[PDB]
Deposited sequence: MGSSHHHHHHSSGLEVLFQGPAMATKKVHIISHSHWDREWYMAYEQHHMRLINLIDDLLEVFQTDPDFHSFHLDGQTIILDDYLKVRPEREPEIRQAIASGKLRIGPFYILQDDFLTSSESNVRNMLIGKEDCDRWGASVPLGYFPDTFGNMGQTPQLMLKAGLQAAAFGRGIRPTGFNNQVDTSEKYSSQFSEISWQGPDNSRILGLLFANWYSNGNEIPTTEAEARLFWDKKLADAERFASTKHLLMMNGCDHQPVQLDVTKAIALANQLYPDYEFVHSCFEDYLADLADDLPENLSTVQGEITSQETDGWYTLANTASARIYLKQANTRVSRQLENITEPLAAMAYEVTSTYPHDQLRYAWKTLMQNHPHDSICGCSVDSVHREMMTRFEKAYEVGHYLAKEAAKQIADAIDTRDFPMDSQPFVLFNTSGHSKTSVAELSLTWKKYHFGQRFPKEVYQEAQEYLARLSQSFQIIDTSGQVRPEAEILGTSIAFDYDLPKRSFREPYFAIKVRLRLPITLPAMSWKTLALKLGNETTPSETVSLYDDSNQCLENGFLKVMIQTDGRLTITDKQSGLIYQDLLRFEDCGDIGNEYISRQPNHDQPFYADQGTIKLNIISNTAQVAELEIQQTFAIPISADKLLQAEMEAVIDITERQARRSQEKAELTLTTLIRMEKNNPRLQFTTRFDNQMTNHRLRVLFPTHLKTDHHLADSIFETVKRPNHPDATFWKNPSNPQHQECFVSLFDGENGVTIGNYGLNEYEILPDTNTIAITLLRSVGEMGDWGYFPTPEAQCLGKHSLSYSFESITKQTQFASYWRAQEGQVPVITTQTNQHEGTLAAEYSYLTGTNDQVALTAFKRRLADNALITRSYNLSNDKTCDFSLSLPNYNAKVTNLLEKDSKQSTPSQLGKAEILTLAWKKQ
C-alpha cells in the first residue's frame, strides 16, 4: 500500500570540543553512550545509532569507562552502534594532505579492532569539501560521501540550470573529482537535523511530518526519504520507536522505518535513476552570497595553523622517512609510537578545533596536544637518524675530524644553505665541580689558533662553508644502557651551502686547519643572485627583476592593516574602513648577514594603527548582531606597530624567503602581505589536498555579495599566464586572497577578533592573538620550465636538512647514499613510511597538475613495488609508468 519509504537514522553530531571546554562536551558524551547502551537493553526495537562517522568517540568513552568495552563491542557486533569509517571529522583544507589520508588509515584500523565500519565518507558540516574527495573515498574503499554544505538543491518540479555549477536537482548527486573518480554524493538537503526530535503525540506529529515529508520529497531522486534523527550534541531520542509507530499509524502511504546509512545506501543501489546531476571538483560555496562560507576560519588563530604545519611536517617528512630508512638497519620501526603521535595530532583535527572557531580554553588545549605530538615525533626522528649514522662506514674521515651526516628527507633535490650547530668536543662533569670543567673549556677556546673547516670523504675542503662562531654550551647525553651524562660542549656554529639528492644522506666532517661578490649591494640597497635582482625601495617595498625572463615587478611586499569587526568564522572590515600601509611609516634597513652565499636583510617599518575597535563592537557582539549589520569602527586612538621582515636570499636558490616578526598589541584587525603581479590571467592555482586546484580570480558576481573572497591553501598559491608567473609559498598561512584589479596575491599574516561567532555570544579574548608572531612565506618568479619545481620547493622548503653526529667506524651503509631515484618536477612525494602488517616501505605520490599526465618513474633501488590503496592494502593493479591528471599513487616497496 505504501509508495514511500521513510528512513529514520538516529545520530548525534558530536563536535569533540567547541563552545565549551572538551571535558564539558566529553562528560555529555558519556551520558549519550550510557543512554544508548541502556536503550539497547530496554527497547529491542531500537535499530541502530550512527556515531557521526568518527571512531574517536569510542576511545573517548573508554577513557572514562574502560570496563564497558565488552558492552560496546557487543553493541557494535549486533549493529546497534554504527561506527567510522573516520577517526575524526576534519576540516579538509586546514589539515595536511597526508592528514586526510591518515584520518582514514587510523579510522579503518579502529574499525578493524571493533569489527565493523559504515561504508560512507562523512562530511556533515565541513566548511567546504576538497576537490579530491571522490578519489580519496574510492581509494579508501568507499563508494559514497554524505555532506551538508555548498550544494543548492533545486526542485524536481523546476527546470535545471546548466550555468549554475553548484546546484543539484536531487538530494543525491554524482560527484566527480579532478582525476575522473566518481562517487555517490549524499546531500543533507534539509540539514542533518531534518528528523530531529520526532513528536510522539498526534497533533504535533501531523504538523511535523506534513512539513518534513514535503521537504524531503521535493529533492529525493527515489522513494527513499532520508530523515536524520539528531542535531549538534543532540541527546538520543529515547522514545523514537514510539514516534515511528505513531508515524506509521498516521500516514498509511509511508513506510517509516528505523534505519542506518548502510541500509539506506543499499536501497538507493536498487532504485537510483540515471539522470543524476554532476558536481565537478571542490565544493566551497562559490554560488552563494559569500558571507557564510566561513573560509576566514583559515586565518583565525594562525598560530594554531602554524603549530599544525610544524607537527605535520615533523611526522610526515622527518620522522617517518628517517624511521623508514633506519628499518634497513634495525629491522624495527616505531608503529605504536607513531600511532600514538598521529592520534594525538589528529585530536586537533576536528573542524572546530583546527578552524580556530571554538572558545579560548579549547585552543589552549590544542597547543598542549601539538607539543605532545611533536615531542614524540622529534624523539623518534633523532633516534632514526642516529641509527642510520651509526651504521655508516665513516672511516674515510681522519681521526682528527668529527663526522656528521646530513639528510634530505624530501622527495626532490634540496638546495639550501644549511644552518648548523656541531659539537666539537665534550667536557664531562664526572665527579668535579662544574665551574672547574667550564674553565677548562674556556681555556681550550683561548689556546685555539686554528680555523674550523668542513671536509668530504675524499679529504677535500668545502671552501664555501662559513664558520660563524664557537661557544660553550651545557648539554647532556642519555645513553640506552646507562646513566645521564652531563657535559659542557664546544659548539661550532656554521652555515653550509649544499645540494642533497632526494631522500639522501651525505657524510662530512668537521676539523681544524689553516685559514667572491656579496649578494647584497649596500650602496644600491640591492639583493642579487643568478635568478633575481631585488631592489629595496625607499618606502620598503620591493622591485624584483627576474634575471632570466626579464620581467620587472614593482611595489611587492606591501603590508596592509585593516579593521576586523567579525568573529572566528568570518572577517568583516568596518564601514568606510581605510587600510593602513606600513610603507607609509618610518623605514629602517639592517643587514643581518651578507656573503657570496647568503644575505639576510631586515626591513623594519613603524606605523601607527588603531589600538582596537571602538566601544560599540562590544554592544554589538553581546546582542548577537549579524556581522553584516555592525556599525562599529576602528578606534580613534592609535599605537605604533613595528614590523620587521627578514629577507633571506641564497646563491643557488630561486626562492626568496621572508620572515615577518612583530608584537601584536592591537585588537580587531587584520594584517596581510601583498604581492601585486599584474599578470594577465583570469584564474590562479592553489595548493589543495593532493591537487593544484584551478580557481577563478573573480568570485561569481551573480551570487557573491561579500566584498572579500578569501580562499584556503596548503603550501602555496600561484598565478601563471602561460609563459610567466609568480608562486608565493607559505608556512602555516592558509588564507590567501586574489585581488582581481591588479592580480595581487594577498597572504593573511594575522587576524585578531574577540568572539567565536555562530549561534550565540562567546567572548574569546585570546582570539586576538596578542604577543609575538613570526610568519614565514616566500616569493618565486616562474616560467613554464620552473613552474612545477616552484611548487615542490614551497612544499619541501618547509622541511629542514637534518643533521646527526657520529664517530669513525665500520658500517654496512655507504657514506653517501640516495634512497630513491627517478624524480619528476611534476610529481610530488607526500609519504615515505612503513606499513604495520609486514614493514613494506609505503610511498605516496601525486600529480601536481590537474590538466595533464606525466611520466612516473619513482624507484627505490633494492626494492620492488606493487600498487596499494590509500589504506596500504595491496591491489592486483600493476605499477604505472605514467600518472593520470590528479592521480594519487600509493606503493608498497619490498626488499628484493
Hey, which stretches of the deposited sequence didn't make it into the model? 1-22, 538-542
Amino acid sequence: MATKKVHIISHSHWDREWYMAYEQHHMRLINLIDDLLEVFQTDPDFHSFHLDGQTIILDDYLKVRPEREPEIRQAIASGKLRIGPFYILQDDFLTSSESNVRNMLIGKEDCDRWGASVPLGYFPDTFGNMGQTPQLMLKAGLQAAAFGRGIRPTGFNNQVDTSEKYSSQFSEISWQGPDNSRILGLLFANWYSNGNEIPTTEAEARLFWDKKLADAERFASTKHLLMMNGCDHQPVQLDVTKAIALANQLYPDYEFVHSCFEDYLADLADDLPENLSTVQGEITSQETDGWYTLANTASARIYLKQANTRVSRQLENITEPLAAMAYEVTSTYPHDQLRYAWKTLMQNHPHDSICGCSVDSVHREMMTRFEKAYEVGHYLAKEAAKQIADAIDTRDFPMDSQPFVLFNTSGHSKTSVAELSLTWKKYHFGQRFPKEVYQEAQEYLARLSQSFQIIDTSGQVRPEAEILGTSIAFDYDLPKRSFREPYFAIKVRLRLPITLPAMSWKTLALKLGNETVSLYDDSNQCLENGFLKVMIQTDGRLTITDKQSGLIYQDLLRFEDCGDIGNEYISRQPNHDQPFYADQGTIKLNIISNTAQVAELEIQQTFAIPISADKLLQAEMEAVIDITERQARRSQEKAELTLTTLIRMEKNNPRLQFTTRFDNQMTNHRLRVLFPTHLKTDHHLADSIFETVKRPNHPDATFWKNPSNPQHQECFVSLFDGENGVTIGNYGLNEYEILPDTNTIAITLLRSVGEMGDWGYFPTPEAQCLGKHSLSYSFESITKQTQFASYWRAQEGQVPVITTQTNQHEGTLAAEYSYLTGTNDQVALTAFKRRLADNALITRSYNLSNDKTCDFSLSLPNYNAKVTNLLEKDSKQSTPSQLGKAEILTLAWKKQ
From here on, numbers count along this sequence of modelled residues.
The stretch carrying the higher mean Cα B factor in the deposited entry, 428-436 or 334-342, is 428-436
Higher average CA B factor in the deposited record is what I'm after, so tell me if that's 198-206 or 467-475. 198-206
Would you mind finding, among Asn190, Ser708, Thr368, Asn308, the residue with the largest C-alpha temperature factor in the entry? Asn190
Checking the record values for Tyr846, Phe832, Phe856, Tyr61, which has the greatest CA B factor? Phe856
Pull the Cα B-factor of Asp522 out of the PDB entry and bin it into the chain's lowest, middle or highest third. highest
Lowest, middle or highest third: which one holds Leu883 when the chain's residues are ordered by CA B-factor from the entry? highest
Can you tell me whether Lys876 has a C-alpha B-factor in the lowest, middle or highest third compared with the other modelled residues of the same chain? highest
Based on the entry's values, in what third of the chain does the Cα temperature factor of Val359 lie: lowest, middle or highest? lowest
Sorting the chain's CA B-factors, does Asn668 end up in the lowest, middle or highest third? lowest
